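Its first residue numbered 11, the sequence shown is counted upward by one per residue in the deposited numbering. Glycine included, C-beta positions come from ideal geometry on N, C-alpha and C. Before any comments, here is the structure.
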Amino acid sequence: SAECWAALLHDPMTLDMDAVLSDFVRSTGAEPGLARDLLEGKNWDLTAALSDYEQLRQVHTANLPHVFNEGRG
Numbered sequence: 011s012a013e014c015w016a017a018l019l020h021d022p023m024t025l026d027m028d029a030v031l032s033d034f035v036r037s038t039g040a041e042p043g044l045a046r047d048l049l050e051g052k053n054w055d056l057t058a059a060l061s062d063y064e065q066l067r068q069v070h071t072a073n074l075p076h077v078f079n080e081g082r083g
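Printed below as a string of structure tokens:
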């Protein structure tokens with residue numbers, strides 16, 4: 011029984027702006043300037059910035075009236 015609960019990983023100590031910057035760019039594919047700008051607007055909360063960027067990248071049936079392919083769920 012390992013990592014079954016949580017296992018607090020991916021954290022430097024509390025927050026390092028340069029580490030949060032580099033990982034964002036690595037995890038989203040965004041540029042470092044855009045990364046820094048989003049991060050200042052998220053209080054440099056890494057996961058919040060990751061989730062924000064990918065959300066505006068998802069677009070959940072916002073453009074088309076009804077997006078229904080042969081999907082699972």
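Among the options, nearest to residue i - alpha-carbon criterion
i: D26; options: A72, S61, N53, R82; result: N53
i: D21; options: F78, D55, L48, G83; result: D55
i: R67; options: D47, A40, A12; result: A40
For residue j and residue i, believed in contact at Cβ under 8 Å, the rounded distance
i: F34; j: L19; result: The pair is not a contact, with the Cβ atoms about 17 Å apart (cut-off 8 Å).
i: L60; j: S37; result: 6 Å
Which of helix, strand or coil DSSP assigns to residue i
i: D28; result: helix
i: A58; result: helix
i: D47; result: helix
i: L66; result: helix
i: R36; result: helix
Status (buried if at least 16 other CB within 10 Å, exposed otherwise) for residue i
i: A72; result: exposed
i: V69; result: exposed
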